[PDB]
Every structure is written in structure tokens, then in C-alpha cells.
Amino acid sequence: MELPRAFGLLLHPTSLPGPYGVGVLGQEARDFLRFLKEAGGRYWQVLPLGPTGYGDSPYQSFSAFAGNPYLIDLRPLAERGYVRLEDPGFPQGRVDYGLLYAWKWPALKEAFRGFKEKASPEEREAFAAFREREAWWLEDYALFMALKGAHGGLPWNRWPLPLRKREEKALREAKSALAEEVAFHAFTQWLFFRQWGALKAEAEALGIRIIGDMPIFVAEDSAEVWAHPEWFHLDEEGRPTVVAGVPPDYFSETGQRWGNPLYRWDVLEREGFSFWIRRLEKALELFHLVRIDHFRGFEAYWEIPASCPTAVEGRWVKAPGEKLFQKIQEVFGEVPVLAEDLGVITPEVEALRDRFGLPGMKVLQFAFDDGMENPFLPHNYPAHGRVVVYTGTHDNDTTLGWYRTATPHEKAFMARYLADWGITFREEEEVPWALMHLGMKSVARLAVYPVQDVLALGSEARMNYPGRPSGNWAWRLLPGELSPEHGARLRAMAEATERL
Ligand SMILES: [Cl-]
Ligand SMILES: [Hg+2]
């Protein structure tokens, strides 16, 4: 794909400032887009937007199609008198998922009662129309969530057999018996996509394109795995016989075991990869470009025996990436995908990536731990510049935090390299800005930076720490923290690098 020479910012919606414990798709989101436009930015990147479970991770959703109910702005509903909102004492600059869980779900249920009581016939018909439209995934999702409250939050593969194996009868009775709870979940979905649709229109009016994110593998306990067990490696009991992960490296002698269920690609191939065509169809309705996590998994993936706690006993299994993307290109006539090609990737992966003109990634935090041959250093970027450069991703520490823990060699080499590119700095707080400048001077078409670096915040603002048991996906901006001055700095930098 032909990307214009520009820049953008990375910011998950939950991180937006505002009342009631979590960023939502409302005024503050619109204010952020306005800020981005004022700063001359043309891209906004977010993480997966579906419903989360234990861990609060956007990469382990109960559904690959649903929207996250925690992102719904309740104020518009409160204005129509559907609900009353109170602040139980939400913390500052961070999401407390426990309080959020305890307060938002009851509020959403309350709003639905208000709706069924005061909603106008128009709204009621719009809601009904929405349900008929998204039926292909919404019926399974809503019933899925409803059945969870009927079975103590148990995963689907632990529900009674009739429900687990989706016997037509059991499902008919369930929907009828839980009809009001099922309508509740579809209601949360209706408000989500409605509010995201309005926000997307606002971005487009401001000349901003949204970069979405989707994990290559879905979660084990999700509506789509429950409704299509045939597409995954499960046993007759609905349990994964194998799970996703990566082989042992110079870092993790045990490798990584993510636990995600694996696709039966052969089965998917015969069905024209319908599941994936649907994932892309939905993504294209929410974003302008979509990045796919662990992209190498389309060429080959590490298969791990589900019984094992580690990854040491796995094996590489080839996947039909070439056929999949040929299909994607057929249906959509374009592959608006950004490949997350970090880590160990082979020439086969590169060929698949460049074959469909998919942009790769470059992370500056990883460019100074070696020599000048480091592929993350700007002078080694491909001539066509079809890549996106970041200071750091959502999985890395903020750039300031990274610098404070960096090795003397990385720090000295980074200082010399920058100087070689005409960039200079005096204090640590300026390192994030120095690196953003380096990325903007590069040949990379897009430079996207996490808001934490624009603010030059430390490790306390890290979004996700792979391995750390808690405190992830919680950071939030404070009201007014992102000032117009910050915007003017970004604008001037973009202006000096032909990215305006
Ligand atoms: Cl991630
Ligand atoms: Hg990941």
C-alpha cells in the first residue's frame, strides 16, 4: 500500500481522561482527535477494541467481533434520563478495573432498563435493525455472555454438554429463557458501534485515519470458538490440544506459551477462509488500516502441546498465508494491513509481507543494543520506506523508562547516532523527543508515537509489561495533561521533516 509521508500518535481509548473511571468514546475522544489535527498528525492508533476478561487485556477478548462495553460513554444516556451516574472514587491517571467492573456493568444494566422504558420507537427500531444486521456474530456473542451469568462465569467448554456442544434445542430454550439478558448484551453492542461510528466520522472529518489492531490468534474462552469449534484444534470436550506461543530463544530458554487456541488451517482453506474474511470485514468498518499481531504466524507457527506448561516441546507448522491473503485481496481488492513483524522472522515471512505490499515495523528502543547493522537504525530502513517507525510499542516501557534502565553502551551509541543525524539533547526528559525526531527524519512513511513519549513520562506510565501479573492496560491521561504546547512541538517537528 502507498502510505503518505506522515506521523501519528498511539493511544488506546481507555487512556483518555474524563469522569467515571475509564476513557470513553465521547467528548474527550473528540477533543483528542482535534488535538491530533492541530498537531498536524494524520493517524490515530488504538489496540483491539473488544470485551475483556481477567487480566483486562485487549488481546484476550470474549469475542473477535464485539466492542468493549467499558468504552461506552454513559453521559449521553444519563442526559436522556436512562441512568444516574456517580463517582465511587475512581483513581487519577489510571483505570481500576475492579471498581470499573463493580460500577459500570450495573450502570449499563440500569441504562438498559431506562431505555426499555423511555426510548422512542425510532431508537427501538434502530436497535432492532442493528441486531438483525450483526446477527451473524451478535446472536452467538450475546447468548455467550448471557449463558456466563447463568453458569457462574464458567468458560464455555465447561458448561453442560447440551449447551457446550450447541445442541439446537438447548440453544433455543436458552435464548428464550435468557431473552432479556441476551437483549442486554446486544444493547451494549449497539451503543458501542454507534458511538464508535460517530467518532470515526469525526476523525475522517479531521483528515485522520484510524489504525486498528487485531491479534492473529483469538482467545480460548470466546463466543466464536464456542460457535465454530471445527475451526480450532480442540478435543471432544472442547479443550485445546495445542496452543500458540514461540520457541525458546537466547532470552527465554523456556520459550513462551500464550495458550491461545490454534486454527485448523486446512479446514479454513476449504471454507474460503470465511472466518478471516469476516474479521477483516468488521475491522474495515471500524478502522482505515488494521495491524495484525504476530504476523509471522501466517507463514508458520509454533505448535505447543496443551498439556505442557512451557514451549520447549513445540514444533513449527506451516500455514497458508499466501492463499489467505490472495483471498483477502480478492474480496476487498486491497490488503490494508500493517504487519507486526518484530522478533525473529525468516525470508519466507518477508516475502509474504512484501508480496502484498504490507508495511513492517521499526522500534527505536531496540536500535542501539548492537552495531550499525541493526535493522532498527534508520539508515538500514528499506529504500521504499514502506514501514512504520515507533519509539516503542504498547509492550515496551515508555522511552524515558527504557532510557533509565538502558545499558551504558546503548546510551552512548544512541547519543552518537543521534548526533550523526544532527540531533542533540541535554536532559533525560528530552530523550523521548530526540528519538521521535530521529524517526521523523527517517525514510519510514509513517512514524507513530505513544502519547506517553510525547509527555516524556516514566515507567509508571508503561501500558503493558509482558510477564508482570498486574497493573497492565491501566494508564490514563490527566485532564489537560496533553497541552496545546505539546501539539505545537509535534507540529513543528513534522513540519521540519516533510510530514505535515
Ligand atoms: Cl501486545
Ligand atoms: Hg502480543
Side-chain angles (χ1 to χ4, degrees), residues 11-16 18 20-26 28-30 32-33 44-53 55-77 95 97 100-101 104-105 107-109 111-112 115 123 126-146 148 181-203 210-215 218-219 221-227 278-288 290-291 293 473:
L11 183 73
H12 200 48
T14 60
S15 300
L16 288 157
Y20 306 127
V22 70
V24 300
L25 312 181
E28 299 81 5
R30 288 191 295 276
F32 173 74
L33 289 183
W44 175 34
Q45 186 168 339
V46 300
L47 315 181
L49 303 176
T52 57
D56 321 299
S57 177
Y59 296 84
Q60 298 299 311
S61 188
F62 285 124
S63 181
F65 300 112
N68 188 342
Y70 285 154
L71 293 184
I72 300 174
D73 192 330
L74 299 166
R75 288 169 289 194
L77 305 173
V95 177
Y97 286 100
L100 195 61
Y101 175 82
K104 191 134 185 172
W105 282 108
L108 278 169
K109 175 74 74 172
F112 183 54
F115 184 83
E123 303 185 67
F127 177 34
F130 168 74
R131 305 184 65 178
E132 174 168 321
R133 182 191 327 144
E134 305 307 324
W136 57 269
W137 69 266
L138 191 56
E139 281 191 61
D140 289 335
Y141 170 69
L143 183 41
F144 177 86
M145 299 299 272
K148 266 188 171 294
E181 192 58 29
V182 167
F184 168 60
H185 285 290
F187 178 69
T188 64
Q189 290 308 295
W190 176 51
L191 301 177
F192 174 89
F193 294 99
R194 204 179 186 191
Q195 281 173 25
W196 180 267
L199 191 60
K200 187 165 186 283
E202 180 77 338
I210 302 169
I211 300 180
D213 197 353
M214 84 159 73
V218 295
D221 186 32
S222 66
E224 297 71 43
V225 172
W226 167 55
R278 279 295 189 184
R279 297 194 69 190
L280 271 160
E281 185 185 72
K282 186 55 65 180
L284 293 184
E285 291 187 355
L286 317 188
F287 327 103
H288 299 97
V290 66
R291 189 189 67 178
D293 162 26
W473 322 108

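Because only heavy atoms are used, hydrogens play no part in the values below, and waters and symmetry mates are left out as well, while side chains stay in. We count residues from 1, following the sequence as given.
- The CG atom of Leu77 sits 11.0 Å away from atom CZ of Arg75, with the distance rounded to the nearest 0.5 Å.
- Side chains of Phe62 and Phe144 form a contact here, defined as non-hydrogen atoms less than 4.5 Å apart.
- Residues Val24 and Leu74 form no side-chain contact, since every pair of their non-hydrogen atoms from C-beta on lies 4.5 Å or further apart.
- Annotation: cation-pi geometry not satisfied between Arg278 and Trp137 (NZ/CZ under 6.0 angstrom from ring centroid, within 45° of ring axis).
- The CH2 atom of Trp190 lies 11.0 Å from the CD1 atom of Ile72; values are rounded to the nearest 0.5 Å.
- Residue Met145 holds its CE atom at 7.5 Å from NZ of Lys148, rounded to the nearest 0.5 Å.
- Residues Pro69 and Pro51 form a side-chain contact, since some pair of their non-hydrogen atoms from C-beta on lies under 4.5 Å apart.
- Residues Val182 and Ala142 approach most closely at O-CB, 3.4 Å, considering heavy atoms.
- When all heavy atoms of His12 and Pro58 are compared, the pair lying nearest together is NE2-CB, 4.3 Å.
- Here the side chains of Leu199 and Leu33 are in contact, with some heavy-atom distance below 4.5 Å.
- From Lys104, atom NZ reaches atom CG of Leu71 across 7.0 Å, with rounding to the nearest 0.5 Å.
- Scanning both residues, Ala203 and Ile210, for their nearest heavy atoms gives CB-CD1, 4.0 Å.
- The two residues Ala186 and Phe130 come nearest to each other via the heavy atoms O-CE2, 3.7 Å.
- The OG atom of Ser15 sits 9.5 Å away from atom CZ of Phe32, with the distance rounded to the nearest 0.5 Å.
- Remark: the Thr52 side chain and the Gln60 side chain contain no N/O donor-acceptor pair separated by less than 3.5 Å.
- Between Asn68 and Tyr70, the shortest heavy-atom distance links the atoms OD1-N, 2.9 Å.
- Residues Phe115 and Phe187 bring their aromatic ring centres within 6.0 Å.
- Taken from CE in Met214 to CG in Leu280, the straight-line distance is 4.5 Å, to the nearest 0.5 Å.
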Evaluate side chain to side chain contact (heavy atoms under 4.5 Å, CB included) for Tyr101 paired with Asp56, printing each intermediate quantity in order.
CA-CA 10 Å; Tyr101 175 82; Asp56 321 299; over 6 Å; no
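- With sequence neighbours excluded, the residues forming a side-chain contact (heavy atoms from CB on, under 4.5 Å) with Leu286 are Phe193, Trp196, listed by chain and number.
- Among all heavy-atom pairs drawn from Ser61 and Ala219, the shortest one is O-CB, 3.3 Å.
- A distance-only check finds a donor-acceptor pair linking the side chain of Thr188 to the backbone of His185 [under 3.5 Å].
- Put simply, the side chain of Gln189 does not reach to within 4.5 Å of the side chain of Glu134, judged on heavy atoms.
- Remark: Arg30 does not engage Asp73 in a salt bridge, criterion side-chain N to carboxylate O under 4.0 Å.
- No side-chain heavy atom of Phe287 sits less than 4.5 Å from a side-chain heavy atom of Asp213.
- Looking at heavy atoms from C-beta onward, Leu25 lies in side-chain contact with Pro13 at the 4.5 angstrom threshold.
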Audit row: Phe184, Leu108, side chain to side chain contact (heavy atoms under 4.5 Å, CB included) steps and yes/no
CA-CA 9 Å; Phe184 168 60; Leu108 278 169; 3.9 Å; yes
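- Aromatic ring centres of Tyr59 and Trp473: separated by under 6.0 Å.
- Residues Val218 and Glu224 form no side-chain contact, since every pair of their non-hydrogen atoms from C-beta on lies 4.5 Å or further apart.
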